[PDB]
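Shown below: coords.txt, with compact mmCIF, C-alpha atoms.
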# COMPACT_ATOMS: atom_id res chain seq x y z
CA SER F 26 8.53 -12.92 19.53
CA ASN F 27 11.32 -10.88 17.94
CA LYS F 28 8.77 -9.48 15.49
CA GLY F 29 6.51 -8.22 18.27
CA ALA F 30 7.87 -4.68 18.04
CA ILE F 31 7.70 -4.86 14.24
CA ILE F 32 3.92 -5.31 14.36
CA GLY F 33 3.64 -1.53 14.52
CA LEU F 34 5.37 -1.27 11.15
CA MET F 35 3.69 -4.26 9.50
CA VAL F 36 0.21 -3.07 10.46
CA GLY F 37 0.71 0.09 8.42
CA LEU F 38 2.40 -1.72 5.54
CA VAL F 39 -0.33 -4.31 5.02
CA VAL F 40 -2.79 -1.49 4.29
CA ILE F 41 -0.49 -0.53 1.43
CA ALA F 42 -0.46 -4.12 0.17
CA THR F 43 -4.24 -4.09 -0.27
CA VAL F 44 -3.79 -1.23 -2.75
CA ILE F 45 -1.31 -3.16 -4.90
CA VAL F 46 -3.42 -6.33 -5.11
CA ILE F 47 -6.36 -4.32 -6.47
CA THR F 48 -4.19 -2.53 -9.04
CA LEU F 49 -3.83 -5.92 -10.73
CA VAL F 50 -7.61 -6.26 -11.04
CA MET F 51 -7.75 -3.34 -13.48
CA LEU F 52 -4.65 -3.87 -15.64
CA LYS F 53 -5.81 -7.49 -15.93
CA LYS F 54 -8.28 -6.28 -18.56
CA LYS F 55 -5.75 -4.07 -20.39

Just dump the structure as structure tokens.
Amino acid sequence: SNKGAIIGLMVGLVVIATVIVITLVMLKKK
């Protein structure tokens, strides 16, 4: 449970990951 206090930082980072995964959906057509 050493990453329990990190959850507050990962929760805000994941939201940023959802933006990168979609960016690939567009360039995929190029």

- Between CA of residue 39 (chain F) and CA of residue 27 (chain F), distance in Å (one decimal): 18.6 Å

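Pairwise distance (CA of residue 32 (chain F), CA of residue 44 (chain F)) equals 19.2 Å.
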
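You will find CA of residue 51 (chain F) at 21.6 Å from CA of residue 38 (chain F).
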